[PDB]
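Everything on this sheet refers to the single structure shown next.
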Amino acid sequence: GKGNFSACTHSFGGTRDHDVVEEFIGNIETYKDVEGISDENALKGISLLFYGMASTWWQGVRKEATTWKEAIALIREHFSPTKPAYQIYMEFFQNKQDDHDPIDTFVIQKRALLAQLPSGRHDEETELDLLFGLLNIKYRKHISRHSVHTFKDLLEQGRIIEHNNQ
Amino acid sequence: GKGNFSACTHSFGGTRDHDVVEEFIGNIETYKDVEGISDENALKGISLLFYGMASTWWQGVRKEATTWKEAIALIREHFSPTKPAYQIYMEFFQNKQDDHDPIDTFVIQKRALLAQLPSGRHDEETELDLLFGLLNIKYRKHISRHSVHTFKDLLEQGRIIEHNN
Amino acid sequence: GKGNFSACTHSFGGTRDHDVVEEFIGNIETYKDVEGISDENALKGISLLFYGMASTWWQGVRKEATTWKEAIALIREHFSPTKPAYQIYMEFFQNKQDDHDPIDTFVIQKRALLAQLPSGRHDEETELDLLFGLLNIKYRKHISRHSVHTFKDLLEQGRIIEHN
Amino acid sequence: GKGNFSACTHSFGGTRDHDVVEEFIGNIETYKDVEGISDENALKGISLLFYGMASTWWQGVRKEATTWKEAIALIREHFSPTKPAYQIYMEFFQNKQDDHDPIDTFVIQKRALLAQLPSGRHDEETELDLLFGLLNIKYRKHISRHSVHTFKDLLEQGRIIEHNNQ
Amino acid sequence: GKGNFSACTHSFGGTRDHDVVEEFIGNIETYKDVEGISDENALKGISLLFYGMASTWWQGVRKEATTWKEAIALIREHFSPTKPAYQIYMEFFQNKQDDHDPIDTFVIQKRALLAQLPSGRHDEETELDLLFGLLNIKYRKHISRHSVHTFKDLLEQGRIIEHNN
Amino acid sequence: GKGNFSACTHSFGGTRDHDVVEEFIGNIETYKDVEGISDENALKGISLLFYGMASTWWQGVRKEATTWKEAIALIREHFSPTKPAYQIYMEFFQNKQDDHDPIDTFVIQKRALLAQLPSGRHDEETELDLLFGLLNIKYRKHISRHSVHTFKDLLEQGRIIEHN
Amino acid sequence: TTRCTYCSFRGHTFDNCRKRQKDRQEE
Amino acid sequence: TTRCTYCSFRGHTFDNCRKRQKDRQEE
Ligand SMILES: [Zn+2]
Ligand SMILES: [Zn+2]
């Protein structure tokens with residue numbers, strides 16, 4: 001299954017946010033792994049994925065690279081610093097649950113913010129312990145910490161306690 | 001024997017209902033069967049379909065999946081709860097038919113709401129006996145309960161009573 | 001062949017009339033026969049065509065369907081009631097053709113509506129004798145019932161009289 | 001190159017004009033000749049090209065046909081009579097050229113109306129003779145019948161006489 | 001090795017110019033070269049592209065064609081006349097440049113209008129000598145005719161005279 | 001391979017700036033090199049990319065082009081004039097960076113604009129000494145010219161000072 | 001330039017488009 | 001039902017469409 005980058009529909013501009021750079025790097029890497037392009041052939045044709053605001057920057061620093069990993073690391077370094085751990089822990093305990101959001105959206109967002117720490121440092125139990133201190137008073141007064149036995153149960157008891165009109 | 005999902009027009013933003021999740025899962029299945037993509041080469045590309053809240057949700061739970069079957073099971077499990085027994089019975093007796101509604105739509109809705117109970121729990125006779133007690137007065141003054149059996153006849157008597165009026 | 005309905009453009013709603021349901025069933029059958037799909041494989045894919053109210057109706061009665069024949073039988077029986085004779089006789093003889101309607105459009109509808117009666121109860125002669133009582137004064141003054149015999153010559157004489 | 005009618009995008013309704021029926025029959029015949037479908041296989045699947053207003057008519061007269069030519073002739077007979085010659089000759093001499101249209105559009109329309117007569121009954125010279133009696137006075141007073149030598153010349157002299165601002 | 005033109009987005013309604021006919025003929029050529037359709041199998045399908053006046057025109061002249069080459073020649077011949085010699089020279093001297101127009105657009109237009117004469121009839125020197133006598137007073141008061149040769153220099157002197165002002 | 005430009009999405013108008021023409025020429029060259037099109041075959045298809053005023057310009061000078069190299073040479077020479085030095089020196093030192101512009105955006109533009117001078121006339125030291133005279137008061141109070149040496153450390157110290 | 005309003009293709013105008021005129025659209 | 005206003009496909013809404021959001025459109 002020979003191929004190259006010519007057909008790809010993804011592209012990246014000069015935006016200086018974080019989510020855009022992360023989604024772009026992830027999509028490009030998954031495409032390169034799925035279509036079977038060679039590990040070195042891709043570097044010779046990467047220039048077809050840049051707008052008019054970043055092409056000058058790529059022209060300015062082409063020679064400070066030799067293999068694909070260095071180029072991806074260089075993009076990440078210049079356009080958006082990676083988050084260190086302490087800022088993640090700081091963000092997790094800031095905004096406590098409001099008085100209107102359903103439990104499902106809260107659990108989804110908190111789980112989405114907790115996967116960015118290095119893998120294997122936290123198994124299921126301590127994660128459930130960290131999450132349990134911020135729930136709003138409507139749920140804490142019925143369900144307790146005696147019986148949770150992982151996440152799948154907490155959503156179930158929360159849904160049954162939510163259908164009952166509080 | 002290879003390809004991405006990038007060509008599709010379907011996307012699932014996340015809403016707690018049944019018809020939307022069912023139609024989306026069916027369209028994705030037909031697409032994967034038609035373009036020939038294989039099972040383990042297909043899971044890697046699944047991320048391109050989700051958007052909005054569904055993207056954050058898939059970013060959450062990802063290490064619990066391993067093959068295509070687990071992914072469909074997780075989507076169906078988290079985005080369309082199975083209603084327990086008693087709520088269906090409670091929903092069933094809280095909505096009598098109005099004066100302005102043909103027999104067909106009413107019987108079709110009340111039948112569609114009854115198939116979610118566990119299979120084999122009911123007989124055609126007991127179900128039809130349950131269906132009465134809600135029909136509006138315009139139809140109950142003619143057809144009698146001991147002159148009908150299967151569902152094929154109630155629609156017939158209702159149509160003849162409707163056309164005369 | 002490509003044993004699935006995935007390429008089809010046909011669809012069906014909740015409408016209640018003989019013509020739409022008839023053309024729908026005929027198109028699905030001819031598509032099943034021309035492209036070589038297997039007799040049994042089609043049933044798993046039938047659910048992809050319905051939309052709106054029809055999807056709820058199909059959710060209501062999946063348990064009874066088994067093979068390919070009974071599904072079309074269920075469609076025709078729940079959306080195609082065998083109208084009893086007297087309503088058909090009343091619906092015919094209503095709405096005499098107006099001055100503007102051409103002879104061909106009027107003849108094709110009145111013959112399509114006369115096929116729902118039980119089979120074999122009428123020959124061509126009595127059928128044409130029934131039809132020859134609603135044409136306007138314009139077409140009737142020239143042709144006369146003794147002239148035309150079969151059910152085809154009336155179209156020819158009507159076309160030649162309608163040319164002017 | 002096996003195939004059938006399933007993929008065709010052409011279709012026909014119940015309209016009772018003439019140009020629609022002619023264009024439809026021509027497109028369907030050219031498609032059947034180009035894609036190589038068998039001469040009898042097409043008749044078994046012709047029903048996929050009709051709307052809801054003509055499908056009842058096709059259901060009503062299916063049995064009075066046996067081969068493809070009879071079916072096309074039957075469609076032409078029921079939905080739109082073919083034009084006999086005398087009406088064509090009558091239409092040709094009705095509306096003389098106006099006082100504003102350029103010569104090109106007039107020659108194009110008159111040539112379009114003259115190809116429907118049976119082929120080989122009229123060669124180039126008599127056709128040029130028939131066309132020449134209806135031109136507006138602006139052109140008849142310069143170019144004459146002495147030199148025409150077929151159509152390509154008449155358009156040329158007319159264009160040079162038209163660029164000169166009359 | 002077979003297929004119809006039905007998939008295309010191009011259509012030619014008939015207008016007496018040059019750019020439209022050229023772009024349309026080029027797009028049709030690239031399409032036929034890309035999808036692999038052969039020459040004699042392609043002429044039969046050509047009717048689907050035309051619409052409006054072009055359809056009646058193709059219905060007119062059809063027996064004079066036999067292969068693809070004759071069809072392109074007929075379209076080019078009937079829908080884009082070749083202008084004779086004298087009209088180009090007349091058009092060329094009836095439009096002096098205005099005060100508000102950069103040198104580049106003017107030189108590009110006047111050069112584009114001169115290539116329709118038969119090839120080999122002119123020298124670079126005589127053409128550049130013809131080009132003067134129309135430049136507006138803002139530029140003729142500095143650059144002198146005996147200080148320029150090829151077209152590469154006139155643009156240079158015009159740019160330096162423009163940036164100073 | 002598919003020896004034609006038919007699949008390309010790139011286009012070019014009549015704009016006059018270094019960046020657009022540069023990115024256009026670079027994209028066309030990389031596309032010509034990656035997909036294996038022959039060195040000579042591309043020239044016949046080059047006309048399908050231009051639009052608007054550029055098409056008229058290409059109509060004006062077809063006679064001079066011959067092979068693949070001279071076409072890009074003509075584009076760069078008619079749309080890419082080699083700016084003389086003094087205008088570049090005047091354009092630099094104009095528009096001192098404002099309070100809002102981040103250090104990375106400002107550094108990349110000022111270095112991209114300094115490459116048009118004739119090659120080899122300046123080493124890294126004098127270049128950095130020229131650049132270090134337009135930064136705002138905010139970044140200058142902490143770092144000092146004796147500290148930074150090469151052209152890379154300034155970005156690091158600026159980022160750490162910009163984090164707060 | 002003049003991108004077809006309906007099909008979003010740069011090849012023609014609103015009045016005439018294959019999807020809109022035929023292909024049993026306009027229902 | 002709710003045919004996508006731009007791409008003319010029955011699969012989503014105006015706000016989010018592959019051609020309009022990205023694919024270097026909105027020029
Ligand atoms: Zn369009
Ligand atoms: Zn869309």
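Labels used: A, B, ... for chains in the order of the structure tokens, numbers from 1 for residues in each chain, and numbers from 1 for ligands as shown.
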task: Would you give me, as a count of residues only, the residues of chain B that come within 10 Å of chain A, using only C-alpha atoms?
output: 23
Any chance you could dump chain F, least-squares fitted to chain C on all C-alpha atoms in order, as a PDB file with C-alpha atoms, in the first residue's frame?
ATOM      1  CA  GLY F   1     -22.790  -9.760  -6.215  1.00  0.00           C
ATOM      2  CA  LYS F   2     -22.908  -6.879  -3.734  1.00  0.00           C
ATOM      3  CA  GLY F   3     -25.359  -8.599  -1.430  1.00  0.00           C
ATOM      4  CA  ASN F   4     -26.769  -5.594   0.401  1.00  0.00           C
ATOM      5  CA  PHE F   5     -29.250  -2.762  -0.069  1.00  0.00           C
ATOM      6  CA  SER F   6     -26.630  -0.127   0.760  1.00  0.00           C
ATOM      7  CA  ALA F   7     -26.662   1.463  -2.715  1.00  0.00           C
ATOM      8  CA  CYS F   8     -30.447   1.861  -3.010  1.00  0.00           C
ATOM      9  CA  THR F   9     -32.008   5.323  -3.195  1.00  0.00           C
ATOM     10  CA  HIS F  10     -35.596   4.218  -2.492  1.00  0.00           C
ATOM     11  CA  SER F  11     -37.406   5.140   0.724  1.00  0.00           C
ATOM     12  CA  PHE F  12     -40.838   4.872   2.327  1.00  0.00           C
ATOM     13  CA  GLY F  13     -42.822   6.942   4.816  1.00  0.00           C
ATOM     14  CA  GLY F  14     -46.213   6.617   6.489  1.00  0.00           C
ATOM     15  CA  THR F  15     -48.422   7.594   3.556  1.00  0.00           C
ATOM     16  CA  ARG F  16     -51.689   5.711   2.987  1.00  0.00           C
ATOM     17  CA  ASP F  17     -52.528   5.225  -0.686  1.00  0.00           C
ATOM     18  CA  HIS F  18     -52.362   2.298  -3.086  1.00  0.00           C
ATOM     19  CA  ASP F  19     -49.999   3.899  -5.599  1.00  0.00           C
ATOM     20  CA  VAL F  20     -47.026   4.772  -3.393  1.00  0.00           C
ATOM     21  CA  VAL F  21     -46.966   1.423  -1.593  1.00  0.00           C
ATOM     22  CA  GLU F  22     -47.356  -0.454  -4.877  1.00  0.00           C
ATOM     23  CA  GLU F  23     -44.497   1.320  -6.633  1.00  0.00           C
ATOM     24  CA  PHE F  24     -42.316   0.917  -3.536  1.00  0.00           C
ATOM     25  CA  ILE F  25     -42.828  -2.844  -3.295  1.00  0.00           C
ATOM     26  CA  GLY F  26     -42.281  -3.249  -7.028  1.00  0.00           C
ATOM     27  CA  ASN F  27     -39.048  -1.265  -7.056  1.00  0.00           C
ATOM     28  CA  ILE F  28     -37.622  -3.179  -4.095  1.00  0.00           C
ATOM     29  CA  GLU F  29     -38.506  -6.513  -5.687  1.00  0.00           C
ATOM     30  CA  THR F  30     -36.970  -5.670  -9.063  1.00  0.00           C
ATOM     31  CA  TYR F  31     -33.819  -4.409  -7.344  1.00  0.00           C
ATOM     32  CA  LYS F  32     -33.614  -7.634  -5.350  1.00  0.00           C
ATOM     33  CA  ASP F  33     -33.926  -9.691  -8.522  1.00  0.00           C
ATOM     34  CA  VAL F  34     -31.636  -7.841 -10.935  1.00  0.00           C
ATOM     35  CA  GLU F  35     -28.429  -7.484  -8.872  1.00  0.00           C
ATOM     36  CA  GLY F  36     -28.226 -11.086  -7.653  1.00  0.00           C
ATOM     37  CA  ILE F  37     -28.559 -10.608  -3.889  1.00  0.00           C
ATOM     38  CA  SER F  38     -29.241 -13.877  -2.088  1.00  0.00           C
ATOM     39  CA  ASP F  39     -32.791 -14.795  -1.099  1.00  0.00           C
ATOM     40  CA  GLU F  40     -32.001 -14.885   2.627  1.00  0.00           C
ATOM     41  CA  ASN F  41     -29.268 -12.266   3.043  1.00  0.00           C
ATOM     42  CA  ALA F  42     -31.526  -9.297   2.276  1.00  0.00           C
ATOM     43  CA  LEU F  43     -33.643  -9.668   5.413  1.00  0.00           C
ATOM     44  CA  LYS F  44     -30.857  -8.604   7.777  1.00  0.00           C
ATOM     45  CA  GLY F  45     -30.479  -5.308   5.910  1.00  0.00           C
ATOM     46  CA  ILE F  46     -34.145  -4.399   5.460  1.00  0.00           C
ATOM     47  CA  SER F  47     -34.156  -2.014   8.431  1.00  0.00           C
ATOM     48  CA  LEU F  48     -31.908   0.547   6.710  1.00  0.00           C
ATOM     49  CA  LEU F  49     -34.665   1.727   4.344  1.00  0.00           C
ATOM     50  CA  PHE F  50     -37.474   2.759   6.705  1.00  0.00           C
ATOM     51  CA  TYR F  51     -37.604   6.216   8.275  1.00  0.00           C
ATOM     52  CA  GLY F  52     -39.931   8.230  10.473  1.00  0.00           C
ATOM     53  CA  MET F  53     -43.081   6.483  11.658  1.00  0.00           C
ATOM     54  CA  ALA F  54     -42.337   3.352   9.632  1.00  0.00           C
ATOM     55  CA  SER F  55     -39.254   2.671  11.747  1.00  0.00           C
ATOM     56  CA  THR F  56     -41.362   2.645  14.910  1.00  0.00           C
ATOM     57  CA  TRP F  57     -43.842   0.321  13.228  1.00  0.00           C
ATOM     58  CA  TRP F  58     -41.020  -2.043  12.288  1.00  0.00           C
ATOM     59  CA  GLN F  59     -39.784  -1.926  15.873  1.00  0.00           C
ATOM     60  CA  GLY F  60     -43.245  -3.032  16.949  1.00  0.00           C
ATOM     61  CA  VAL F  61     -43.525  -6.329  15.065  1.00  0.00           C
ATOM     62  CA  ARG F  62     -40.083  -7.798  14.384  1.00  0.00           C
ATOM     63  CA  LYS F  63     -40.910 -11.034  16.219  1.00  0.00           C
ATOM     64  CA  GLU F  64     -43.352 -12.293  13.575  1.00  0.00           C
ATOM     65  CA  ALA F  65     -41.203 -11.832  10.463  1.00  0.00           C
ATOM     66  CA  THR F  66     -39.069 -14.811   9.479  1.00  0.00           C
ATOM     67  CA  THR F  67     -38.239 -15.044   5.753  1.00  0.00           C
ATOM     68  CA  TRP F  68     -38.357 -12.652   2.813  1.00  0.00           C
ATOM     69  CA  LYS F  69     -41.957 -13.339   1.773  1.00  0.00           C
ATOM     70  CA  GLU F  70     -43.757 -12.640   5.041  1.00  0.00           C
ATOM     71  CA  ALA F  71     -42.165  -9.189   5.377  1.00  0.00           C
ATOM     72  CA  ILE F  72     -43.699  -7.903   2.149  1.00  0.00           C
ATOM     73  CA  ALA F  73     -46.902  -9.687   3.159  1.00  0.00           C
ATOM     74  CA  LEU F  74     -46.949  -7.742   6.430  1.00  0.00           C
ATOM     75  CA  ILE F  75     -46.318  -4.456   4.618  1.00  0.00           C
ATOM     76  CA  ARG F  76     -49.141  -5.036   2.156  1.00  0.00           C
ATOM     77  CA  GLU F  77     -51.539  -6.163   4.888  1.00  0.00           C
ATOM     78  CA  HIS F  78     -50.859  -3.291   7.318  1.00  0.00           C
ATOM     79  CA  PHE F  79     -50.553  -0.539   4.645  1.00  0.00           C
ATOM     80  CA  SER F  80     -52.572  -2.201   1.819  1.00  0.00           C
ATOM     81  CA  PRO F  81     -56.089  -3.162   3.099  1.00  0.00           C
ATOM     82  CA  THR F  82     -58.137  -5.143   0.504  1.00  0.00           C
ATOM     83  CA  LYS F  83     -60.839  -2.511  -0.017  1.00  0.00           C
ATOM     84  CA  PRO F  84     -64.367  -4.029  -0.027  1.00  0.00           C
ATOM     85  CA  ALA F  85     -66.383  -3.790  -3.217  1.00  0.00           C
ATOM     86  CA  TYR F  86     -69.046  -1.225  -2.365  1.00  0.00           C
ATOM     87  CA  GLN F  87     -66.643   1.621  -1.576  1.00  0.00           C
ATOM     88  CA  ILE F  88     -64.922   1.031  -4.916  1.00  0.00           C
ATOM     89  CA  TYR F  89     -68.236   1.187  -6.751  1.00  0.00           C
ATOM     90  CA  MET F  90     -69.129   4.410  -4.939  1.00  0.00           C
ATOM     91  CA  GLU F  91     -65.691   5.999  -5.654  1.00  0.00           C
ATOM     92  CA  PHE F  92     -66.160   5.184  -9.357  1.00  0.00           C
ATOM     93  CA  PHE F  93     -68.993   7.295 -11.040  1.00  0.00           C
ATOM     94  CA  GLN F  94     -67.876  10.260  -8.835  1.00  0.00           C
ATOM     95  CA  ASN F  95     -65.978  13.235 -10.426  1.00  0.00           C
ATOM     96  CA  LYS F  96     -67.063  13.132 -14.124  1.00  0.00           C
ATOM     97  CA  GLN F  97     -64.115  14.205 -16.357  1.00  0.00           C
ATOM     98  CA  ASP F  98     -63.874  17.997 -16.820  1.00  0.00           C
ATOM     99  CA  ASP F  99     -63.357  19.830 -20.104  1.00  0.00           C
ATOM    100  CA  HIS F 100     -59.584  20.170 -19.702  1.00  0.00           C
ATOM    101  CA  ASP F 101     -58.445  16.636 -18.860  1.00  0.00           C
ATOM    102  CA  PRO F 102     -57.078  14.746 -21.893  1.00  0.00           C
ATOM    103  CA  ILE F 103     -58.527  11.321 -22.822  1.00  0.00           C
ATOM    104  CA  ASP F 104     -55.321   9.317 -22.070  1.00  0.00           C
ATOM    105  CA  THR F 105     -54.890  10.635 -18.476  1.00  0.00           C
ATOM    106  CA  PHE F 106     -58.605   9.945 -17.672  1.00  0.00           C
ATOM    107  CA  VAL F 107     -58.577   6.380 -19.177  1.00  0.00           C
ATOM    108  CA  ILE F 108     -55.401   5.190 -17.377  1.00  0.00           C
ATOM    109  CA  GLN F 109     -56.638   6.216 -13.935  1.00  0.00           C
ATOM    110  CA  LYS F 110     -60.121   4.735 -14.352  1.00  0.00           C
ATOM    111  CA  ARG F 111     -58.632   1.435 -15.498  1.00  0.00           C
ATOM    112  CA  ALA F 112     -56.009   1.349 -12.742  1.00  0.00           C
ATOM    113  CA  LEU F 113     -58.765   1.818 -10.151  1.00  0.00           C
ATOM    114  CA  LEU F 114     -60.929  -1.008 -11.551  1.00  0.00           C
ATOM    115  CA  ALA F 115     -58.378  -3.785 -10.902  1.00  0.00           C
ATOM    116  CA  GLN F 116     -58.998  -3.956  -7.135  1.00  0.00           C
ATOM    117  CA  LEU F 117     -62.257  -5.887  -7.589  1.00  0.00           C
ATOM    118  CA  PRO F 118     -62.100  -9.671  -7.096  1.00  0.00           C
ATOM    119  CA  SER F 119     -60.394 -11.393  -9.992  1.00  0.00           C
ATOM    120  CA  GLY F 120     -62.332 -12.766 -12.934  1.00  0.00           C
ATOM    121  CA  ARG F 121     -65.702 -11.183 -12.155  1.00  0.00           C
ATOM    122  CA  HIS F 122     -65.852  -9.029 -15.298  1.00  0.00           C
ATOM    123  CA  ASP F 123     -65.057  -9.354 -19.004  1.00  0.00           C
ATOM    124  CA  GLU F 124     -63.954  -6.574 -21.336  1.00  0.00           C
ATOM    125  CA  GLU F 125     -67.416  -5.869 -22.741  1.00  0.00           C
ATOM    126  CA  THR F 126     -69.188  -4.973 -19.497  1.00  0.00           C
ATOM    127  CA  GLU F 127     -66.136  -3.005 -18.358  1.00  0.00           C
ATOM    128  CA  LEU F 128     -66.197  -0.821 -21.456  1.00  0.00           C
ATOM    129  CA  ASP F 129     -69.978  -0.504 -21.112  1.00  0.00           C
ATOM    130  CA  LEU F 130     -69.514   0.820 -17.577  1.00  0.00           C
ATOM    131  CA  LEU F 131     -66.794   3.266 -18.605  1.00  0.00           C
ATOM    132  CA  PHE F 132     -68.833   4.786 -21.453  1.00  0.00           C
ATOM    133  CA  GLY F 133     -71.116   6.855 -19.249  1.00  0.00           C
ATOM    134  CA  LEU F 134     -68.897   9.619 -17.905  1.00  0.00           C
ATOM    135  CA  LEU F 135     -67.189  11.111 -20.973  1.00  0.00           C
ATOM    136  CA  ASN F 136     -68.043  14.746 -21.679  1.00  0.00           C
ATOM    137  CA  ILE F 137     -70.412  15.909 -24.403  1.00  0.00           C
ATOM    138  CA  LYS F 138     -67.402  16.776 -26.560  1.00  0.00           C
ATOM    139  CA  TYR F 139     -66.142  13.229 -27.196  1.00  0.00           C
ATOM    140  CA  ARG F 140     -69.573  11.555 -27.189  1.00  0.00           C
ATOM    141  CA  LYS F 141     -71.353  13.385 -30.014  1.00  0.00           C
ATOM    142  CA  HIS F 142     -69.206  11.815 -32.756  1.00  0.00           C
ATOM    143  CA  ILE F 143     -68.308   8.263 -31.719  1.00  0.00           C
ATOM    144  CA  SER F 144     -71.211   5.981 -30.839  1.00  0.00           C
ATOM    145  CA  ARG F 145     -71.342   2.799 -28.798  1.00  0.00           C
ATOM    146  CA  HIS F 146     -72.204   0.583 -31.760  1.00  0.00           C
ATOM    147  CA  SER F 147     -68.880   1.441 -33.425  1.00  0.00           C
ATOM    148  CA  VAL F 148     -66.132   0.649 -30.913  1.00  0.00           C
ATOM    149  CA  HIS F 149     -65.757  -3.011 -29.937  1.00  0.00           C
ATOM    150  CA  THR F 150     -62.618  -3.759 -27.895  1.00  0.00           C
ATOM    151  CA  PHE F 151     -60.982  -1.505 -25.290  1.00  0.00           C
ATOM    152  CA  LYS F 152     -58.311  -0.156 -27.673  1.00  0.00           C
ATOM    153  CA  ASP F 153     -60.201   1.501 -30.549  1.00  0.00           C
ATOM    154  CA  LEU F 154     -61.734   4.082 -28.211  1.00  0.00           C
ATOM    155  CA  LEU F 155     -58.297   5.592 -27.622  1.00  0.00           C
ATOM    156  CA  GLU F 156     -57.671   5.908 -31.364  1.00  0.00           C
ATOM    157  CA  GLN F 157     -60.978   7.545 -32.212  1.00  0.00           C
ATOM    158  CA  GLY F 158     -60.621   9.821 -29.199  1.00  0.00           C
ATOM    159  CA  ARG F 159     -57.148  10.897 -30.272  1.00  0.00           C
ATOM    160  CA  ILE F 160     -58.245  11.688 -33.820  1.00  0.00           C
ATOM    161  CA  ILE F 161     -61.225  13.658 -32.515  1.00  0.00           C
ATOM    162  CA  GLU F 162     -58.970  15.443 -29.999  1.00  0.00           C
ATOM    163  CA  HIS F 163     -56.423  16.491 -32.637  1.00  0.00           C
ATOM    164  CA  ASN F 164     -58.819  19.247 -33.760  1.00  0.00           C
TER     165      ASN F 164
END
task: Please check which protein, DNA or RNA residues sit within 8 Å of ligand 1, counting only C-alpha atoms and all ligand atoms, and write them as a PyMOL selection string.
output: (chain E and resi 9) or (chain G and resi 4-14+16-19)
Output for the residues just chosen: C-alpha atoms as an mmCIF file, in the first residue's frame:
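The file below, selection32.cif, is the result:
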data_model
loop_
_atom_site.group_PDB
_atom_site.id
_atom_site.type_symbol
_atom_site.label_atom_id
_atom_site.label_comp_id
_atom_site.auth_asym_id
_atom_site.auth_seq_id
_atom_site.Cartn_x
_atom_site.Cartn_y
_atom_site.Cartn_z
ATOM 1 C CA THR E 9 -19.249 19.796 -13.117
ATOM 2 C CA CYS G 4 -22.396 27.147 -7.143
ATOM 3 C CA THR G 5 -24.711 28.172 -4.215
ATOM 4 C CA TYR G 6 -26.223 24.628 -3.747
ATOM 5 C CA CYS G 7 -23.588 21.923 -4.655
ATOM 6 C CA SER G 8 -20.685 24.202 -3.507
ATOM 7 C CA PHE G 9 -18.765 23.578 -6.779
ATOM 8 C CA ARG G 10 -17.065 26.244 -8.891
ATOM 9 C CA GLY G 11 -18.457 25.117 -12.235
ATOM 10 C CA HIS G 12 -21.820 26.842 -12.874
ATOM 11 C CA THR G 13 -24.821 28.932 -11.507
ATOM 12 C CA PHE G 14 -27.930 28.423 -9.227
ATOM 13 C CA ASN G 16 -28.957 24.836 -13.507
ATOM 14 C CA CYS G 17 -27.494 22.113 -11.157
ATOM 15 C CA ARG G 18 -27.806 18.305 -11.619
ATOM 16 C CA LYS G 19 -28.899 17.568 -8.020
#
Rotate and translate chain H onto chain G via least squares on all in-order Cα pairs, then write the result as a short mmCIF file (atom, residue, chain, number, x, y, z; two decimals) with C-alpha atoms, in the first residue's frame.
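Contents of the output file superposed_14.cif:
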data_model
loop_
_atom_site.label_atom_id
_atom_site.label_comp_id
_atom_site.auth_asym_id
_atom_site.auth_seq_id
_atom_site.Cartn_x
_atom_site.Cartn_y
_atom_site.Cartn_z
CA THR H 1 -15.46 32.68 -8.14
CA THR H 2 -19.32 32.39 -8.25
CA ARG H 3 -19.15 29.06 -6.31
CA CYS H 4 -22.40 27.15 -7.14
CA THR H 5 -24.71 28.17 -4.21
CA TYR H 6 -26.22 24.63 -3.75
CA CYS H 7 -23.59 21.92 -4.65
CA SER H 8 -20.69 24.20 -3.51
CA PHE H 9 -18.76 23.58 -6.78
CA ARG H 10 -17.07 26.24 -8.89
CA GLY H 11 -18.46 25.12 -12.24
CA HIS H 12 -21.82 26.84 -12.87
CA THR H 13 -24.82 28.93 -11.51
CA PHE H 14 -27.93 28.42 -9.23
CA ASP H 15 -30.64 27.97 -11.97
CA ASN H 16 -28.96 24.84 -13.51
CA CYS H 17 -27.49 22.11 -11.16
CA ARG H 18 -27.81 18.31 -11.62
CA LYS H 19 -28.90 17.57 -8.02
CA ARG H 20 -31.55 20.38 -7.89
CA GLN H 21 -33.13 20.28 -11.45
CA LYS H 22 -33.45 16.42 -11.61
CA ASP H 23 -32.24 13.40 -9.48
CA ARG H 24 -35.80 13.53 -7.93
CA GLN H 25 -34.99 16.54 -5.65
CA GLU H 26 -37.37 19.53 -5.00
CA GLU H 27 -39.78 17.35 -2.89
#
As an mmCIF file with C-alpha atoms, in the first residue's frame, could you give me every residue of chain D near chain G (at most 9 Å apart, counting only C-alpha atoms)?
data_model
loop_
_atom_site.group_PDB
_atom_site.id
_atom_site.type_symbol
_atom_site.label_atom_id
_atom_site.label_comp_id
_atom_site.auth_asym_id
_atom_site.auth_seq_id
_atom_site.Cartn_x
_atom_site.Cartn_y
_atom_site.Cartn_z
ATOM 1 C CA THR D 9 -29.314 9.000 -13.199
ATOM 2 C CA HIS D 10 -31.876 9.732 -15.932
ATOM 3 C CA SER D 11 -35.592 9.559 -15.179
ATOM 4 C CA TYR D 51 -41.782 8.240 -11.192
#
task: Write down as number ranges by chain the residues of segment 36-128 of chain B whose backbone DSSP state falls under helix (DSSP H, G or I).
output: B: 39-48, 53-60, 68-79, 85-92, 103-112, 124-128
field: Coordinates-based distance that separates atom CA of residue 47 of chain D from atom CA of residue 80 of chain D (Å, one decimal)
entry: 19.5 Å
Can you check which residues of chain B have any atom within 12 Å of chain H? Use only C-alpha atoms and format it as a short mmCIF file (atom, residue, chain, number, x, y, z; two decimals) with C-alpha atoms, in the first residue's frame.
data_model
loop_
_atom_site.label_atom_id
_atom_site.label_comp_id
_atom_site.auth_asym_id
_atom_site.auth_seq_id
_atom_site.Cartn_x
_atom_site.Cartn_y
_atom_site.Cartn_z
CA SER B 6 -12.39 10.65 6.54
CA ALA B 7 -14.81 10.28 3.57
CA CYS B 8 -18.01 9.94 5.77
CA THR B 9 -20.88 12.44 6.36
CA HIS B 10 -21.99 10.99 9.72
CA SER B 11 -21.06 12.37 13.14
CA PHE B 12 -22.41 11.72 16.64
CA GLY B 13 -22.40 14.70 19.00
CA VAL B 20 -30.00 8.61 16.98
CA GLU B 23 -29.10 4.98 13.23
CA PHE B 24 -25.50 6.14 13.70
CA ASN B 27 -24.62 3.62 9.22
CA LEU B 48 -12.10 11.22 13.36
CA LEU B 49 -15.89 10.80 13.66
CA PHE B 50 -16.52 12.24 17.13
CA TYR B 51 -16.82 15.97 17.78
CA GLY B 52 -17.66 18.17 20.73
#
